[PDB]
Amino acid sequence: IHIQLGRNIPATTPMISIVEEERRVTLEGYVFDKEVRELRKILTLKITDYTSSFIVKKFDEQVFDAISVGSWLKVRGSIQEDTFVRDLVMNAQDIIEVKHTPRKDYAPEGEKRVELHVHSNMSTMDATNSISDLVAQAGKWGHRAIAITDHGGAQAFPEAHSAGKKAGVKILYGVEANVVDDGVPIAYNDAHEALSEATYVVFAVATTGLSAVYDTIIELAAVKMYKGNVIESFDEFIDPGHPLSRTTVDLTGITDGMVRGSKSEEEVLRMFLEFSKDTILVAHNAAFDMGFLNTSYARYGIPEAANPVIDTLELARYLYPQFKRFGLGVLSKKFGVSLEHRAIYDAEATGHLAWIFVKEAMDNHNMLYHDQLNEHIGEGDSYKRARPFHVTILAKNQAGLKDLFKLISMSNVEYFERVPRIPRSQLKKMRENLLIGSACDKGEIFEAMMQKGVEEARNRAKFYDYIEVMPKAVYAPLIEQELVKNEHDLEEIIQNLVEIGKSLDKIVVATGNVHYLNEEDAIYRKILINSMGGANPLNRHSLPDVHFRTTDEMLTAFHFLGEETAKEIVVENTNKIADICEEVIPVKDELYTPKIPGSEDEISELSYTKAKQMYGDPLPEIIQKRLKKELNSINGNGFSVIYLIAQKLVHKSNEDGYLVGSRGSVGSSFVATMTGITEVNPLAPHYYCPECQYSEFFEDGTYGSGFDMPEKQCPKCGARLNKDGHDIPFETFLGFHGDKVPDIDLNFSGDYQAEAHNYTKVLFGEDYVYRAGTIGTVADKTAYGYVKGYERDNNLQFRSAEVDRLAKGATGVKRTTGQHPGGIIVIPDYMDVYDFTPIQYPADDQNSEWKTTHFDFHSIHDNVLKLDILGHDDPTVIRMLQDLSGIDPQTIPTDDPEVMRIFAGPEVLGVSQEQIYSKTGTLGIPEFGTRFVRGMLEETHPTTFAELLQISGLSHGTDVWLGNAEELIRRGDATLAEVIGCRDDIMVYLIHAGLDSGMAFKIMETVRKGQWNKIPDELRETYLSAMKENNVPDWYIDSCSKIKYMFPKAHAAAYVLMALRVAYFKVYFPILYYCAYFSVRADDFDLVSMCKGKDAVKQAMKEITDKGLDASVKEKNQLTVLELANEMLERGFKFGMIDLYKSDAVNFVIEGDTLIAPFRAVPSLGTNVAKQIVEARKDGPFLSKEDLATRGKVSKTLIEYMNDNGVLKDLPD
DNA sequence: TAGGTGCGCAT
DNA sequence: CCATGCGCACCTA
Ligand SMILES: O=c1[nH]c(NCc2ccc3c(c2)OC(F)(F)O3)nc2c(F)nn(CCO)c12
Ligand SMILES: [Mg+2]
Ligand SMILES: [Mg+2]
Ligand SMILES: [Zn+2]
Ligand SMILES: [Zn+2]
Ligand SMILES: [Zn+2]
Ligand SMILES: [Zn+2]
């Protein structure tokens, strides 16, 4: 429905202009953000006119909900400064929608262009629009196809595929690669002269620019050198007709008078031709000087003078690869040569070097002749010193896409130097199936035509498949940089490129170099670019207009070539290129899991062997049914390899002595329990006898867990009965019908995570396992910082709403690549990684031990296995506790009543709430020591394992406790054990009632996804009818209505089991528990208040607490560690200052009832130097107090900290 | 260079 | 008024 709020506005100032707190002002813009709050519902709209952004405030509620982002609104209200927000705000008594016509492509339906150069926000910090919206715009405009060519990557390929599907637009998959010429010769006119005895005319030119085509030399210098000594010198001035531009007068120390009277070039050129006879020409960047000289020669029909040449730049690059910059000044400085830039100086400088370079070439290598100077070219790190140029690579078919993935992977893994580089030889080998285009003004064809001439461009263009010409608006930065003098030269360059292409019979296309969608989005790019400072060369000049142009805009931009040629290169040739490519699929459709022979049989055998050992050869019918259904779902769907890999990883972890916990719903699987993957038993509560295999199950819902069951002795024999089972259906893990892909996230120890990764490498091979890769983008904090820095540098004053709009526009742009925390991606050995994704190094770190996938794992994890082998501190803490006490972690009673007391109060510990500042003794207990969870425990007083699982679900779920169950419990409507804590509980409760398995599963899925309201009326109706028909209370359905997100029961069971295992040691072995906690979990210690005693710890805690809610993350971590230290002190244990001999590098030591702090506790004692003092103390004592700093590498400062705190006092020096 | 600190991302 | 944890960017002694 039409959205209107107040009086009909008469059917508007630029928001930028309005600054007074005036009233009765019209203002219409675009709504880029919406937010309704509940008081009188208050409306806060951020609206923009692309000039500035203001905030419309309104106090109708149906309209409030109806207004949406992307709308156009006119308010005509009163600007009132007063607000919660300091900025001026608009109080709009009426807001009215307005219809804005979008950009349209006015060309005929069949005569639409294809945009072949598109940059998405996956071009790192270069483009700002998602490929999805660009593809949608192309679809709306009627374009038959569009290309996604990002700068060196293909990370937008999956999103581009989805968008092209949705929009009915063909996607051409390409990349803007940086290609480096594999072989750049050192010697040009190959000849068999002897370098040691030859005569060299080391020459140089001072020019009015860099374009040999469009400018000319003004000074010609040269020195004839022999045996390294000068023989003759030829210096001359050439006068251009035009006065020297101030740029030249400064770059080159030459003024118009300085060359006001000089010989004509024809004469100077003849003089140099005679002077440079039977000699080996020499130059720094000899291509540049030789091109200038040869163009000048040809200007007067003089012979090209093709004597042997040497380019000192290439020779220096080949001889001294260790160097980083090879310009003349840098090289002259390194080799101690002197230079002011006048041609004479340049020449003498090059000569003084060239002698050294030729001597090195003759001695250090076998290059005694001119020809031999080219033998070893393009071999080794040559790619690293070369200057890359832009090329466009498009996949023509699926094999072309695999080749493109290989090229990207090699440019990321083998030829990376500050950018992904492709050597031209590699691009030549894979060219079939690939379309190569000249890219932009940074491509080599445009560079040659604007700086070297038509013949060099027609030779380079021989290698491309099509030639790209962009509108003059894209090239404007060249005219601003003096690279192209004026628009006439630009038009000439573009026309020559069109002709060169027709001459060589190549497709010439107009591309556009799109970097953002609309002309108003340019600002975003600017901000991003500005954020790079001097790192980005684009900051030197102004950015072009690289928005997405329609067909008519492109035809207008190329009208200077004539209507026929423009219509050809814009519409016909682009669509020809599009038609050349067949439909390509960058992402697979099915899941390709690895194949391990005998996996289904192995999983079944393991499960049944463990089940027999635990429940006797005749298995209980309950266990028989469970195992049969689980294994039929697993082995039936080909999911046994997932279970087998998890089993092997956990088995190897257990052999090394580490417990593996789980996250998610793996604990819902009884096959996961029997195979050993998970510790959670999802069976119904029950007893089983460790000795005689007797078992007894309670499927009546009388106990929440087998742990809550009372102690009992075996009827068959005298042994005690082990109680297990938590009533977790497997449908939560395998879904109803068991067709769901199992997902087993395992929390291995932090120490052991690398071992598990390497074990995956062993299981599947080094070439088929890759660390899952993530793409980190510009988020709100970074975008806000970018906008603030931009406004500071440009000295503007943005309104908070604009700033927020500019931050939004620049958000989501790719900023870096990293690794997923625990995700290893496994490729089936019958395929290769390039069937799925390119590869790279995380953050482009070539020293990385693992390679990550180029694509974000979200785009590929449906087609290959992503092993979540995560690291958690709990298995580390439990391993340390086992080390410190010998107790096996799995023998710890998780049903102990005394331990559960810690969840009621601090007394079991032996301390008060008054002393430990906490009602509960769960401080330092994982997932239960937080203030929120501690408050929930205080308000609920759990006393059973089922109630602890409830607490986990309620504390971690969304909308499950704050407004849904805190009240129900406080008012006695339901007990803690009755409210909805975990998603499995909904199904369990409904099944225990009259509801059926399917209905209960559907209800639980709808509630856990927060779709109770989102589902249609008919569905909600069926569910409500069934629940009420079966005596399901009203408060239970009300709860379901308010739940946004719920967590699995197996997840909570695993985390509660770990917490109980740690709490056992906290209660019965306090010193061991505190030692393990501080050694593993605590990283930032004051240690001074800690070493003092309880009073200093309490004072530090009070300081942090009085710092208030506005406290740093470091302060909050310090508060946590200080709370633990205070609790430990209250219980009679104490900390001790570090000791050089006693203290460990990273672990607290136990001595009596005292914890000796490690070196890493000392403020900044560092960790490497920490191990150092450990290494030194075994060589010998630390005598003189100076010896310590000397060997250990202890920084005086730290020595001071130890000096005052008593550590070094021992030292008798 | 090695910590320290944000900050983004993920389970 | 969710917990925990990893990894890279950037700054600084
Ligand atoms: O957002 C998440 N928060 C948490 N908090 C920690 C937590 C600990 C114990 C729990 C628990 C949550 O839940 C439980 F009730 F099951 O027992 N964990 C995850 C995760 F593994 N994946 N995701 C993302 C899926 O949304 C989350
Ligand atoms: Mg020079
Ligand atoms: Mg997973
Ligand atoms: Zn770019
Ligand atoms: Zn480019
Ligand atoms: Zn480009
Ligand atoms: Zn028995």
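Per chain, numbering begins at 1; letters A, B, ... match sequence-line order. Values reported hereafter were calculated over all heavy atoms of this structure, with side chains retained and with hydrogens, waters and symmetry mates removed.
- In this structure, the side chain to side chain contact (heavy atoms under 4.5 Å, CB included) partners of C1040(A), at least two apart in sequence or on a different chain, are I980(A), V1007(A), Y1036(A).
- Nucleic acid contact class of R934(A) (heavy atoms, under 4.0 Å, all strands): none.
- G871(A) comes within 4.0 angstrom of the backbone, heavy atoms only, and of no base.
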Going 5' to 3' through nucleotides 4-11 of chain B and flagging B where a protein heavy-atom sits under 4.0 Å of the base, S where only the sugar-phosphate is that close, and - otherwise, we get S--SSSSB
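- By the side chain to side chain donor-acceptor pair (under 3.5 Å) test, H858(A) is found to be paired with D856(A), residues two or more places apart in sequence or in another chain being considered.
- Using a 4.0 Å cutoff to heavy atoms of chain A, the contacted part of DNA chain C runs 5' to 3' from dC1(C) to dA9(C).
- Here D1083(A) pairs with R1160(A) under the side chain to side chain contact (heavy atoms under 4.5 Å, CB included) rule; sequence neighbours left out.
- For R971(A), the side chain to side chain contact (heavy atoms under 4.5 Å, CB included) partners at least two apart in sequence or on another chain are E967(A), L968(A), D973(A).
- For the residue pair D984(A) and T732(A), a side-chain donor N or O sits within less than 3.5 Å of a side-chain acceptor on the partner.
- Residue contacts shown for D845(A) are absent, as no nucleic acid heavy atom lies under 4.0 Å away.
- Screening residues 858-877 of chain A for salt bridge (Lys or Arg N to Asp or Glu O under 4.0 Å) gives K866(A)-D868(A), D874(A)-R1081(A) as the qualifying pairs, with residues at least two apart or on separate chains.
- Across all strands shown, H872(A) has heavy atoms under 4.0 Å from sugar-phosphate atoms exclusively, and none from any base.
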Identify every side-chain donor-acceptor pair in residues 150-159 of chain A under 3.5 Å, counting partners at least two apart or on other chains, and give the distances.
from    : atom 1 : to      : atom 2 : distance (Å)
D150(A) : OD1    : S120(A) : N      : 2.7
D150(A) : OD1    : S123(A) : OG     : 2.6
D150(A) : OD2    : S120(A) : OG     : 2.9
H151(A) : NE2    : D126(A) : OD2    : 3.4
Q155(A) : OE1    : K814(A) : NZ     : 2.6
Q155(A) : NE2    : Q840(A) : OE1    : 3.2
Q155(A) : NE2    : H854(A) : O      : 2.8
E159(A) : OE2    : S132(A) : N      : 3.4
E159(A) : OE2    : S132(A) : OG     : 2.6

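- Atom NZ in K1193(A) sits roughly 13 Å away from atom P in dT1(B) (whole-Å rounding).
- When only modelled atom types and interatomic distance are considered, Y658(A) and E755(A) share no side-chain donor-acceptor pair under 3.5 Å.
- The 5' end of DNA chain C is approached more closely, in terms of each residue's nearest nucleotide, by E927(A) than by the other of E927(A) and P842(A).
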Would you tabulate the side-chain donor-acceptor contacts of residues 1189-1202 of chain A under 3.5 Å, counting partners in other chains and residues two or more places apart, or write 'none'?
from     : atom 1 : to       : atom 2 : distance (Å)
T1190(A) : OG1    : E1186(A) : O      : 2.4
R1191(A) : NH1    : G1180(A) : O      : 3.4
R1191(A) : NH1    : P1181(A) : O      : 2.5
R1191(A) : NH1    : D1187(A) : OD2    : 2.6
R1191(A) : NH2    : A1176(A) : O      : 3.4
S1195(A) : OG     : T1197(A) : N      : 3.2
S1195(A) : OG     : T1197(A) : OG1    : 3.2
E1200(A) : OE1    : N1203(A) : ND2    : 2.9

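- Among the heavy atoms of the strands, none lies under 4.0 Å from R1160(A).
- Among the atoms of the strands shown, none is found under 4.0 Å from any heavy atom of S1195(A).
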